[PDB]
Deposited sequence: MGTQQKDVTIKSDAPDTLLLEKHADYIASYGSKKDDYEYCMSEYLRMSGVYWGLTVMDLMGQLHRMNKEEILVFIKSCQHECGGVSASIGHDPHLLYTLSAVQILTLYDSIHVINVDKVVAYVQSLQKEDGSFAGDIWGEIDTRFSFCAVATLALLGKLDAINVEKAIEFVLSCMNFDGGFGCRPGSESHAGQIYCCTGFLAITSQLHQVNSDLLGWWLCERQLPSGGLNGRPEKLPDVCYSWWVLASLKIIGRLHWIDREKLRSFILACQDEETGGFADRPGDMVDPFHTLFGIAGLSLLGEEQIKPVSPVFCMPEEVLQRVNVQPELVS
């Protein structure tokens, strides 16, 4: 079960992609308005890919800093958009943007810390928000937020680690919660988490690495779990996860690059889900990131853990050791 691939693009089109992201959001558009519930993360994706392509300056810094500030609530969490509700997901994204722009002081950093700390449970897990949903995704959002802010000690780190290790499975992988099946997305979040907290020694790298490299299909794309179709975003999580645990060479890299490039729209710019499907900023980020992790020299090197330029992270003195 894979995509048979047609006569798709085989060339890197930085050009169109930048044009696509600088113009995305000009305001009557349909999928734009339907996406308001994730706008903050939408803005993170746009800013990051542009910066990785060296075109951050074509985006509107001052405008975004107001927006962010207007999305922090009295609890200190940040929402996706104005009037929407605070959540760990949009708090991480705002901090990534503020770190991209060197402007963390645009929000009340003490209140962000308190907010993240208030979402931790007795067993070490994190809820996403006051409504209580538990997911190792939110373990990743909490520790990644705090690390960017230098405040990782604000949470109970040992109980947080314990919970994540309790979500490890027979195949080496990780799920949402205890007992949940392994999935590429959850693996990325958990290996990221273990990276930030210096616990990669607890991962069975050979076992998990095998599971991850078996995600690559004969088309060259990676899927997020068995029996699934490959795509660009699961291609980024799998690869990033492999890089974190020192096993990126267990994939056929030239076949992955080609899949990723077959995913560009030659006419509109941006990347899609999979070849010839409709483009979006989410897959545009993760395609450019994927290509950067495979080595492409037109793209700035990208952190597998934080999905941001390394040169940004070198500046804030946060750079987790990975396996080899």
query	finding
Regions of the deposited sequence not represented in the model	1-6, 33
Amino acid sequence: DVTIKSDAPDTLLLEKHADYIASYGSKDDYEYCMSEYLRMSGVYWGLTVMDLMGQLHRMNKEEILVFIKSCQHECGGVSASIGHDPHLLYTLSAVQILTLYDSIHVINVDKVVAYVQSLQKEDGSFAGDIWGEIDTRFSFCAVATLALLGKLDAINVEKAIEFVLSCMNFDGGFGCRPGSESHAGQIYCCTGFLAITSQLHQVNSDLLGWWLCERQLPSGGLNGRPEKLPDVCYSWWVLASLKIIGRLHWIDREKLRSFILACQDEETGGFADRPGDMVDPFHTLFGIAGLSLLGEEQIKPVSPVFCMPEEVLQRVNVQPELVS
From here on, numbers count along this sequence of modelled residues.
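Take the two forms, find the largest set of C-alpha atoms that superpose within 1.5 Å, and that set is the rigid core.
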property: Comparing 310-318 and 7-15 where Cα RMS over structures and residues is taken in 9 other deposited structures of this protein (core fit), larger one; result: 7-15
property: Test item: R257 lacks coordinates in at least a third of other entries; result: no
property: Other PDB entries, at least a third, lacking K27; result: yes
property: Per the entry, higher mean C-alpha B factor between 28-36 and 41-49; result: 28-36
property: Higher-scoring stretch by recorded Cα B factor average, 85-93 or 205-213; result: 85-93
property: Residue, from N108, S180, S166, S241, that the PDB entry assigns the highest Cα B-factor; result: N108
property: Chain third (lowest, middle, highest) by recorded CA B-factor, residue given as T136; result: lowest
property: Lowest, middle or highest third - CA B-factor, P226; result: middle
property: CA B-factor ranking of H57, expressed as a third of its chain; result: middle
property: CA B-factor ranking of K255, expressed as a third of its chain; result: middle
property: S219 - Cα temperature factor, lowest/middle/highest third of chain; result: lowest
